[PDB]
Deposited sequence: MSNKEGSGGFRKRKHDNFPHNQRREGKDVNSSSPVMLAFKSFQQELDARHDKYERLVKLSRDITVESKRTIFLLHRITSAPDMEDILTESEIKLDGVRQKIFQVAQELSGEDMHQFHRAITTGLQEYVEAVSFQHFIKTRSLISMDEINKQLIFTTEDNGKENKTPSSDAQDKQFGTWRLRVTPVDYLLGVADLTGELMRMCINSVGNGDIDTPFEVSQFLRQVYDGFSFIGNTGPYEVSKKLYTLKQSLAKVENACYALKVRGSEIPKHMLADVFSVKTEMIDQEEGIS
């Protein structure tokens, strides 16, 4: 009971208990990052060419700020620990954040945000920092794809005739990138490739229908 063994297992129960608690805390933080980033993606889907695009972009930029704040807390909670032991506790939240910020950034610049550009915003000074992993990146981008094809079908649904083709080209390049990676990346990112080809098909079919419909000169009136 006061043996060296029982004492050693006391320090063990303490160490483990501590790691489990930190883990649960990171799970709640990651859940909030996820929910908030999802709400941000919906908000960005609210956009049309209409006047709103601007104040929707700033408002969403506020939301993302909040998310980064959550991430700040996460960074604090981590530093002083082997991140690849708590990673499986905030990875979904990180993928969601990447999906969000890369979505907004595409809307604003019509280009894919880079991993380094994502990480830049993830540096906090009073100094804590966080690095999205290349796999969290690839996964949140794969997710970004579905949102892009959604935006494409939406813009088609309300007259827009330039947006569809832009989303089309961009998505096409992204797909060519995932094919250029292939089996080199984890099974995790491969499971995506399927849904990716689905979204690419939806977009390309949209653009095909437009091109074929806007090219017809109708010689029969009603």
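- Numbered from the first deposited residue, the unresolved ranges run 1 to 30, 157 to 176, 273 to 290.
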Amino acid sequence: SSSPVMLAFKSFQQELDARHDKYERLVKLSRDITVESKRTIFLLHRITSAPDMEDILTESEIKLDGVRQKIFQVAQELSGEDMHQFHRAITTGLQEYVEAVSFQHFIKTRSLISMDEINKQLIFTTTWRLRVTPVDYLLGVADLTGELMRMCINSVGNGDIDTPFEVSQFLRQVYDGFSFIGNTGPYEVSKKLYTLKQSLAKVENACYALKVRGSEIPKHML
From here on, numbers count along this sequence of modelled residues.
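- For the pair 22 to 30 and 47 to 55, the record assigns the higher mean C-alpha temperature factor to 47 to 55.
- Remark: stretch with higher mean C-alpha B factor among 109 to 117 and 143 to 151 is 109 to 117.
- For the set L78, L138, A100, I90, the PDB entry puts the maximum C-alpha B factor at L78.
- Per the PDB entry, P186 shows the highest C-alpha temperature factor of the residues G177, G157, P186, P164.
- For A8, the recorded CA temperature factor ranks within the lowest third of the chain's modelled residues.
- For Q69, the recorded CA B-factor ranks within the highest third of the chain. Only modelled residues enter the ranking.
- Annotation for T195: C-alpha temperature factor in the lowest third relative to the rest of the modelled chain, per the entry.
- Placement of the Cα temperature factor of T133 within the chain: middle third of the modelled residues, per the deposited record.
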